[PDB]
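Read through the structure below, which is laid out as structure tokens, and then see the notes.
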């Protein structure tokens, strides 16, 4: 990838600054120009790419540095001496390797690369291997305990016993009650093929990787330890050592909501987790009596490492941009270019608190963006790679560039679900011009790009708006929205915190108006933490539509200790906020709405829309009702004023709305769900809620050069909300 | 219903005694004769009814008493004085009424029926009503606070203020943040229409009902009830009263796994829950940070009362039966008869521990029976009522008899799911000859009745067996099963405790063989308690096929504190025990199996079964593979030996086996789930497992006078397990 980058934040108010971090491989410098993003959909059948250059606000040329991306999670213990005494060295841990056929995988290691001194314990399909540093002259020593390891809990260790002049490498199954438990060791004579280390042999101790970094580990590690001596007079564990003898012994249960691994010995030899491995997972002791790690961390004393974890690239800031007071709140981007290559770094200039610049405010669903960031869908076939070429779309796609990590909708290489998503990495899926699907009947655009359909329609019809992100709602609460006359959602505000829901709710209770212009909103919960800026956590618990299903008892976030999963499962349904709930789900194709209604309150919104059908067109999916649909905790006075119909047979019910495959939670037949319902109703606080319940809805606004019904409907809503 | 009853236990060993409790609505005595049940399917197209009379082992004639059943749950506080002082009376609670349109419903009362003195606070569609006893002369006083109460938390109270000489009845909505909060009171002059009660005015204080027999059982949650002798507009709560003034103030959070409600004042005026209301449910303070009542009971300080709750009839023992050591372990019952009427009280004679009487043992799924007990299915139409007649089947069915209570597959009258199931009541669904469905192609029999197909086939073909219940597996662990050469399950061992699973697993690990002769086994968890004998708890959590869905955070059992719901959701899948798991679920109809296999291990079982398909016959459903189906955490060496096929389109996938409506947990298509797969495999402990994965399987054993392929298959499995 030629030039790319990312920013430390995605949103800044007046005088807040944004640090942009760029990696270009060109020898020549690059240029950066501030732009306002107007339309990001490169489909030639629609408004096409639209930017207002503001080079006069910020322009720069900058020296190009190529900076790495190194996936794979592990822990580093820095500032310690080389392990080992004249008596020898013992080290071991309790592992559960989840993907042995992926290569050498390092349980723990310490390796002074220059002096060729140190140790490393690895597992592989060939078994358990110890590597010993052998000095500047020869290659390392290697001792192999050959065993066929499964995905089970094994205790693993080695011991260099200068006394008995032997090296021992062994592995025993923890649960001995199984049919054929693994109990295997390899002994070979020591022969002064090892000596007590010297002060210059010191190196960092690593868990989950090897640094001479490679052999990133896949699976759970629990209770690793190092001893300077043999144990007191069958795997040696830390329990077996006088504390004099113990070099370090870590308890992964101490500090679950942090990035620090704690050493329990007086040496206080603590360590820092890299690339955000997954904490708050069951340890060996977990037996199902405790399902919440907050009250029972002994059952959660393990860490799950993945060799494709990626959080915080660590790239140096290439330039910063403080926001002037003269810069209107909106959706901006930094255009980077070298050598014909082009990248955009999107971000948002946020209004001041209580000082709005327009009557409307739009909420960029950055939590939903991030949750989806770099989702390798496996659909970058020759068909789409071609279509991207023809349309002049963003050239690069997460299928082809795995170095940028995964999304919470992918699985890790070991099969476990991706529970984290960093925004501190280039997110290809968030660039202007990124195509998601090979849309046979439109653009095939999602999230950031699709939400620009609404933004270009607002620009065009002359509604001025401010923009705020989800992060902004978290930080300022409902107080930030109250000044605006109406709050507008994106195409898909799927992911939310209790904080963000409260902001929207409180705004309603202040008598605002709410324009829910998407589908499938307010559905999953995310976790965030001050300790880990820039990361979202997502755990798919219980039921619902889910790319993967979380393990029993791992339903509580590690970042913020909250219960994860569907907001339903946290006593907050979509319908309680916007009167419609997630109802049906088919492919990325949209159909048309049927009008019902006009005599009822808010039938005035349908003026200038003729019966009976409308909206059978669209850029996302070819229809204004498609992909994911919201039907009718819904108030009495909910006025349905249009109902989708004529959907593909590929469409289906939302699982969480089902008791059986034959009865919904409402106890009707599931076919009642295959519909989008556009509803209006009055909060009872002096405001109203307008909700389309369809992802593709805003895809139709641009159609017929902004002269159409969908365009008409939305204009009616917004005028109504603005007097 | 003429004669019926129930037994204190369902299983007794040698020298253990069984107490039978009978209610007959006849003047003449009734007669009791011990029979062993051989076949219970009254379908005249098959073996028909079969009993071995044992009048000389136990016979009797006994005095007839007509005994009541009184559903509706509430709390009783016994032996306390009339509440009230010279200063007056205050009483109140925090309620959430879930079914106001059901009548006068009493929040709390104390009423000496004779002296016509006491008080009663009730809610209805008309609002909140106070009733005051006015003496033997006049009618009661009545004061109404007219309000339209919704299903929300309201604080309710009345106050008799002799000082200011006024009566007050009011109700304020707890959540004042809603759009339109209910805040209403009624003040009415007292006019010496009340004076402090006397020593003879004493009566029991009740929560949830009124006693002047008990009536007006309450529907919904009650929290924090209290009574004061003195004064302290917002609602008075117990917090507002000096300890002198407090007559009682109960904390429902104290004692969640018990039947005791505790009073926190020094008066220690405790009370006893009757007919098993639902505890461990969210109270007003619950906010979603705590999901387990064990660590956070202040969030669970509410009790849910239902007016159709039924636990423990309380009937007196009419006769007893101690089990002779001369009595074979098996399935028995007591035949009761008067005036042309007939009832059966089933029970089980248990082998002694380690002293088996046969090589096979069969596990009667009394947990699953109990869970289904008195499931009013709403399907007793004239067609079935007629068919019940023609076949001379058990005359009465729970649709026609609400007095017998409901099942965990029913809803309460207020809409919440039935979460407890008592066995201390007549269970019409456990009577021999009881028909469940109107089977257009078979009998339509389930559980106890259907499981007797196997018992008749075992007797007929000469396999001797002992019988044990789930209680017995609970009581004796795996050590009870160990002596037998093979263990045989029923047609639907759906409901299990951790103990019963461990018994079966440990039996496997002791080198037994296991005959899983049903479908859908090992799916739901039940909760049980020594403190509340005769009761099962079932909470439907997360996903899966479920008659109803439990509330967020109410996932932990109240009886024994365990996490409830699918066993999957506690890390134990059916496939881990029997190699196949619940996969598809359709109507009560069965199709045919196709053989796959003969060379693989255990293909010897297909000897004497010709190709290519087999088993398109049966008493349950007309096919040997039907209703609920188990397909292929499964071992490597799972040898599939047959795969059902050609099921009606009415079949569908089991939800818990789904990630979306298009992808399974295996990421195959859901159409992969529509099948029963019969498998054999070797435990690796010296035993093997044979699993049919179909409820309707044993219905086919009787077909073609016990000579057919299905019957041959089972003989093979059973002889093989006996060498």
### Query
Considering only the protein assembly as shown, what is the antiparallel percent among its DSSP beta bridges, to the nearest 5?
90
### Summary
Most exposed to least, judged by fewest other Cβ atoms within 10 Å, B:95, A:719 sort to A:719, B:95
### Task
With the Cα gyration tensor of the range A:173-272 in hand, convert its eigenvalues to equivalent ellipsoid semi-axes via √(5λ) and list them largest first in whole Å.
23, 22, 17
### Query
For chain A, what does -39500 (n - 2.57) per DSSP helix run (n ≥ 4), summed and divided by total residues, give at 222 nm, in deg cm²/dmol to the nearest 500?
-2500 deg cm²/dmol
### Message
I'd like the projected area of the range A:156-211, averaged over all directions, using the convex hull of its alpha carbons. Report it in nm² with one decimal.
### Response
5.9
#### Entry: Burial ordering of B:21, B:607, B:328, A:387, fewest other beta-carbon atoms within 10 Å first
B:607, B:328, A:387, B:21
#### Entry: Gyration tensor (alpha-carbon) shape descriptor, the range A:602-723, a/c threshold 1.5
oblate
#### Entry: Diffusion coefficient, µm² s⁻¹, Stokes-Einstein with Kirkwood Rh over alpha-carbon pairs of the protein assembly as shown at 20 °C and 1.002 mPa s
60
### Task
Measure out, as a whole number of angstrom, how far apart the alpha-carbon centroids of the range A:614-628 and the range B:549-566 sit.
42
### Message
Using Cβ contacts closer than 10 Å as the measure, can you line up A:299, A:306 from fewest to most?
### Response
A:299, A:306
### Query
Once you sort the root eigenvalues of the Cα gyration tensor of the range B:182-225 as a ≥ b ≥ c, which label holds: rounded (a/c under 1.5), prolate (a/b larger than b/c) or oblate (the other case)?
oblate
### Per principal axis, descending, Cα span of the range B:336-488 in whole Å
48, 36, 34
### Angstrom value of the Kirkwood radius, inverse mean 1/r, which spans all Cα pairs in the range B:74-305
17.6
### Query
Between rounded, prolate and oblate, where does chain B land on the alpha carbon gyration tensor, with a ≥ b ≥ c its root eigenvalues, rounded for a/c under 1.5, else prolate if a/b exceeds b/c?
prolate
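Neighbour counts are summed over all protein chains in view; Cβ atoms, including those assigned to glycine, are modelled from backbone coordinates with ideal geometry. No lab work stands behind these numbers, since they all come straight from the coordinates.
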